Every structure is written in structure tokens, then in C-alpha cells.
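Okay, so here's just one chain, in C-alpha cells, the form solved without the DNA.
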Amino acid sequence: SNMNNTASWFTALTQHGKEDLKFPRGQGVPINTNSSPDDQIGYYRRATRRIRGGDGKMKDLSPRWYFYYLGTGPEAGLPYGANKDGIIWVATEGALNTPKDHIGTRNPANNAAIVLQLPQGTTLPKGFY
């Protein structure tokens, strides 16, 4: 409880298959008209959930991948491009490698999650919704 303003600004991408999220270079940053070209850079972080299965043993639900602007969120201190499990990096041409403190993260008590939209022509990877 008590998440504060630590949520992703966007809804998650759900992984229905067995391959990690990835995008072609230059692709994958969610659309956000309240941001500038230098802002268009960040990471998706895999969030796992467990539930009790019908047989009484714990079970994984499908992973969900949440976008955070560079320098914000749970991996705020992680450098762009660092190889870290559960983290994948995306940037649009025109991005700058600077932390996006001015955008930050979302307080769900004050703002709903922006439906995650990618520009027309983005390669959406297999098994992702």
C-alpha cells in the first residue's frame, strides 16, 4: 500500500509469450504529447505477479512490462543501456541521456494511467499486448 508517486505514467505491455520485450532502435517510447524530443528515452521493467493456482500451488501470471522515463522510477539510478535482467531500453531519435526528473512518476490517487500508445509503424513484438 501507500505507493505515492512511484507508478508508471502508462499502462503495461503484457507478455503472452516466452520472449522478453524488445524494440528496434529508435522505437518503443510511449506517445506523450506533454514531453519534448529530448525526453523520449527510458526503460521497460518486467513486473511479475504470483497467484494461487487451482491445484493449491503458487503460479506466475503473465509478466507485465511498465515504461519509466530515464532516471525515474524503480531503476532511477540505472544508466541508459545498462544490461540488467528485467530491464530493456528504448529511445527516440532526438533523445538526450539525462534524467527526466521533471516528468517523474505517477501518483494513482491523482492521475489515471495513460493508455500506452506507440506511433504508427512501430514493430510490435510477438506475443505482446
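The term rigid core refers to the most C-alpha atoms you can superpose between the two forms while keeping them within 1.5 Å. Residue numbers run from 1 along the displayed sequence. Shifts are known only where both forms have a C-alpha.
- Note: missing coordinates for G53 occur in a third or more of the other compared entries bracketing this position.
- Judged by mean Cα B factor in the deposited record, 59 to 67 ranks above the other of 59 to 67 and 73 to 81.
- For the pair 17 to 25 and 112 to 120, the record assigns the higher mean C-alpha temperature factor to 17 to 25.
- Per the deposited coordinates, the residue with the largest Cα temperature factor out of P37, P99, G42, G53 is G53.
- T33 sits in the middle third of its chain by CA B factor, as recorded in the PDB entry.
There is also a form deposited with the DNA bound; it is not shown, and the following applies to it.
- Each of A7, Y66 and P108 places at least one heavy atom within 4.5 Å of the DNA in the entry with it bound.
- Residue-level contacts in the entry with it bound: of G94, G53, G77, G81, one residue has a heavy atom within 4.5 Å of the DNA, and it is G53.
- Contact check for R45: a non-hydrogen atom falls within 4.5 Å of the DNA in the entry with it bound.
- Proximity of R49 to the DNA in the entry with it bound: non-hydrogen atoms within 4.5 Å are present.
- Measuring CA movement between the shown form and the other one with the rigid core aligned, the set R52, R49, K84, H102 has one residue at 2 Å or more: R52.
- Taking residues common to both forms and aligning the rigid core, Cα displacements of 2 Å or more over three or more consecutive positions between the shown form and the other one occur only in 52 to 59.
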